Amino acid sequence: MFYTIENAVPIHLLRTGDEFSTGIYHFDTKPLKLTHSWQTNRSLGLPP
Amino acid sequence: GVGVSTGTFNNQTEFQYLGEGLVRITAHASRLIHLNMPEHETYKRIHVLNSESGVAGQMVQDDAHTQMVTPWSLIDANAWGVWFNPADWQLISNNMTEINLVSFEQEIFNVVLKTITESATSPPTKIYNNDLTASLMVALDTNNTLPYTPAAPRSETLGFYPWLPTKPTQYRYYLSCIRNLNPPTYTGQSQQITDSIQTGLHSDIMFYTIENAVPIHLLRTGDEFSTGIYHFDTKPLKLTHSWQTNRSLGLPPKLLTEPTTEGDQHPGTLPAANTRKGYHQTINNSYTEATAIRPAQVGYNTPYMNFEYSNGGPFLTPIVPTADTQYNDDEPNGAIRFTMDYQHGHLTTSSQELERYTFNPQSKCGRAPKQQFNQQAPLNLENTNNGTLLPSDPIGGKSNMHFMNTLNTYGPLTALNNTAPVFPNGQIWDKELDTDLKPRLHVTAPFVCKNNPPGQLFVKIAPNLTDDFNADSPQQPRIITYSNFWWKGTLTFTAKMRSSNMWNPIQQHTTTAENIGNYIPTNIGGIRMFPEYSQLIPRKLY
């Protein structure tokens with residue numbers, strides 16, 4: 243697999259007075275939990 | 038509303054048949070519940086360390102952990118025995134190909150609270166009054182804030198009998214442990230086993246309170262209460278068993294010699310190996326059945342009797358329960374041994390308490406490790422004691438631990454089957470483990486709620502304070518009180534009828550003059566509810 247920036251993507255030239263901006267990408271991602279579980283098999287269900 | 042009944046008793050089993058062959062199995066279950074006044078009005082955080090836990094070998098016997106003992110009692114009816122009776126089961130399993138959870142609703146009624154006054158006038162006489170005004174506390178954790186604790190796996194469900202009263206159990210959940218058992222031992226050896234436990238990592242402490250997380254309804258004799266009407270979102274359950282194994286998948290090799298004499302004795306002949314044609318997931322120009330291309334892996338060996346150890350301690354690594362092979366193995370095939378109770382089957386009368394009985398699902402998948410084996414590099418029909426691992430080879434130097442004990446064959450190619458419904462002690466639905474990645478099924482029960490599971494029903498007798506104040510003191514004294522209140526639940530399923538496709542008749546559970554005894558009372562009033570196979574209808578797999 244031999245890729246080339248030049249060969250696969252259009253390149254913008256920028257002089258001091260120039261600017262550039264990504265569009266606005268939207269993610270499609272499974273939300274991330276900010277909580278931790280603790281229970282282990284020895285802690286699941288109805289205690290004897 | 039003192040002298041008026043709030044609800045109604047009904048323990049009928051309605052089987053509505055609809056178009057295209059579906060059925061609205063509606064199970065009504067009523068039962069007279071009895072509740073005693075909680076003996077310790079507080080929330081206790083107890084540990085548990087058994088002498089047995091800290092001994093050479095007896096590690097498997099470890100019972101350590103921490104309990105949050107609440108003053109509340111729980112009403113769990115999640116267990117087949119609650120809803121159906123022997124006949125019901127026979128019908129459903131003998132004729133439905135699949136069945137699924139639909140709606141469920143409980144209802145508590147005809148509450149009655151009772152005071153008990155002591156009269157030690159010579160012989161200890163008991164006087165029973167009615168505290169018309171006292172109340173019965175009821176709480177419904179709709180959102181499941183309180184830790185889920187199915188009763189079924191500890192036969193602490195409601196009584197599988199409509200004509201017999203029953204008791205709800207003490208609600209107590211698990212709390213973080215920091216169990217220590219280093220290091221494992223073996224029956225004989227002398228070593229110093231450290232056996233400790235200290236309430237888990239602070240960051241993992243979960244201390245719930247019925248009072249703090251759920252609104253509680255007070256109920257006086259004339260009061261009533263009812264769950265809404267919960268709807269399940271569950272993967273339908275198959276009531277049929279597969280049989281085909283990898284040695285029974287696809288196009289059987291064509292024979293060249295059909296027998297000429299009656300009897301399963303005389304078989305047919307297959308052309309020699311070599312001359313056979315087709316795919317091979319091996320090199321040798323000879324195509325054998327054991328070594329033949331199959332769609333996938335039906336079943337899989339799960340390292341058996343393996344004990345894993347995480348914070349809370351050591352524990353057995355669960356195995357998907359599937360039917361045993363002709364070499365009744367069980368333990369490696371996750372068989373499930375239930376223990377009955379004077380209220381969940383098992384002759385009410387019998388002198389000995391509880392019953393045994395192990396269970397084996399019908400779907401054939403399981404294995405017979407005492408048979409399995411491995412060969413090296415280019416296979417080679419005709420082993421090399423050196424290039425062949427056997428079911429009797431010493432692993433890691435121990436003369437009885439063979440490779441199978443450590444062998445795990447799970448893979449993308451694995452095709453597996455779900456647990457089976459176990460009438461009656463079996464659990465029915467189950468909450469899903471809130472982990473980022475979920476399990477493909479549970480062993481506990483066959484139904485796992487995709488959404489939020491039905492709510493836990495809590496009960497506790499309202500403290501009947503005396504005149505000897507409260508507060509400004511440890512444990513408060515109160516009038517001895519108790520309650521008799523009825524309960525009615527309505528569990529609704531959906532199932533499909535079966536149909537004659539093949540030529541031969543199939544399995545079906547029936548009455549033999551040698552078992553009716555089990556479905557008939559005793560000359561004294563004994564009743565049994567011995568468990569029965571389920572999923573007894575044959576099914577193609579490929």
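Chains A and A' supply the protein sequences, listed in that same order. A prime marks a further copy of an entry chain.
Just add 242 to the spot in the first sequence (first one is 1) and you have the authors' numbering.
Just add 37 to the spot in the second sequence (first one is 1) and you have the authors' numbering.
Here a beta-carbon is modelled for each residue, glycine too, at the ideal position from N, C-alpha and C.
Item, Value
"If we ignore side chains and look at the alpha-carbon of each, how far apart do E345 of chain A' and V97 of chain A' end up?", "11 Å"
"Leaving out five residues on either side along the sequence, give the residues of the same chain with a beta carbon under 8 Å from the beta carbon of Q572 of chain A'.", "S130, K275, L276, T277, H278, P398, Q399, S400, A457 and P458"
"Taking the continuous alpha helix (DSSP H) assigned at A250 of chain A, which residues delimit it?", "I247 to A250"
"Per DSSP, which residues does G526 of chain A' bridge with? Please list them.", "A':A66"
"Is any beta-carbon of chain A' found at less than 8 Å from that of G287 of chain A?", "yes"
"Could you list which residues in chain A' have their beta carbon closer than 7 Å to that of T282 of chain A, in chain order?", "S347, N348 and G349"
"Would you decide whether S233 of chain A' is buried or exposed? Buried here means 16 or more other CB atoms lie within 10 Å of its CB.", "exposed"
"Would you please verify whether the beta carbon of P187 of chain A' is less than 8 Å from any beta carbon of chain A?", "yes"
"Are the beta-carbon atoms belonging to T312 of chain A' and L292 of chain A' less than 8 Å from one another?", "no"
"Buried or exposed for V39 of chain A', going by 16 or more other Cβ atoms inside 10 Å?", "exposed"
"Buried or exposed for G315 of chain A', going by 16 or more other Cβ atoms inside 10 Å?", "exposed"
"If I'm right that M74 of chain A' touches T518 of chain A' with Cβ under 8 Å, what's the distance once you round it to whole angstroms?", "5 Å"
"Mind checking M566 of chain A': buried by the 16 CB within 10 Å criterion, or exposed?", "buried"
"Identify whether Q380 of chain A' lies in helix, strand or coil by the three-state DSSP scheme.", "coil"
"Report all residues from its chain with a CB closer than 6 Å to the CB of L478 of chain A'; omit the five preceding and five following residues, and keep chain order.", "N455"
"Look at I136 of chain A' and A482 of chain A' and say whether their C-beta atoms are less than 8 Å apart.", "no"
"So what's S90 of chain A' in DSSP terms, helix, strand or just coil?", "helix"
"Based on the DSSP secondary-structure assignment, which residues constitute the bridge partners of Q334 of chain A'?", "A':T451"
"Give the C-beta separation of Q408 of chain A' and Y379 of chain A' to the nearest angstrom, bearing in mind that I take them to be a contact with Cβ-Cβ under 8 Å.", "In fact, because the Cβ distance is near 41 Å, the residues do not count as touching under 8 Å."
"Using the C-alpha atoms, what's the distance from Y245 of chain A' back to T107 of chain A'?", "9 Å"
"Return the CA-CA distance between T294 of chain A' and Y324 of chain A', expressed in angstroms with no decimal places.", "18 Å"
"Curious, which full-length beta strand (DSSP E) runs of at least 3 residues does the region 144 to 182 of chain A' contain?", "144 to 146, 150 to 156, 162 to 167 and 173 to 178"
"When you compare the region 206 to 215 of chain A' with the region 181 to 195 of chain A', are there three or more beta-carbon pairs, one atom per stretch, that lie closer than 8 Å?", "yes"
"With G118 of chain A' and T194 of chain A' assumed to form a contact (beta carbons below 8 Å), what rounded beta-carbon distance in angstroms separates them?", "7 Å"
"Are the region 142 to 150 of chain A' and the region 283 to 291 of chain A' touching, with three or more C-beta to C-beta distances below 8 Å?", "no"
"Looking at chain A', is there any beta carbon in it that lies within less than 8 Å of the beta carbon of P252 of chain A?", "no"
"Counting only beta-carbon separations shorter than 8 Å, does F352 of chain A' have a partner in chain A?", "yes"
"Could you list which residues in chain A' have their beta carbon closer than 8 Å to that of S263 of chain A, in chain order?", "Here the premise fails: no neighbours, minimum Cβ distance about 35 Å."
"Quick check on DSSP: helix, strand or coil for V97 of chain A'?", "helix"
"Can you find a CB in chain A that lies within less than 8 Å of the CB of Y447 of chain A'?", "no"
"Buried or exposed, going by whether 16 or more other CB atoms sit within 10 Å of the CB of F375 of chain A'?", "buried"
"Can you give, in chain order, each stretch of the beta strand (DSSP E) that sits fully within the region 237 to 290 of chain A' and has at least 3 residues?", "253 to 256"
"Which first and last residues belong to the beta strand (DSSP E) in which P351 of chain A' is found?", "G350 to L353"
"Report the neighbours of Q380 of chain A' on chain A: residues whose CB is nearer than 9 Å to its CB, in chain order.", "Near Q380 of chain A' there are no residues of chain A at all, since even the closest Cβ is about 17 Å away, more than 9 Å."
"Can you tell me whether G492 of chain A' is buried or exposed? The criterion is at least 16 other CB atoms within 10 Å of its CB, across all chains shown.", "buried"
"Between the Cα of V175 of chain A' and those of A':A327, A':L69 and A':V251, spot the shortest distance and give me the residue it belongs to.", "A':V251"
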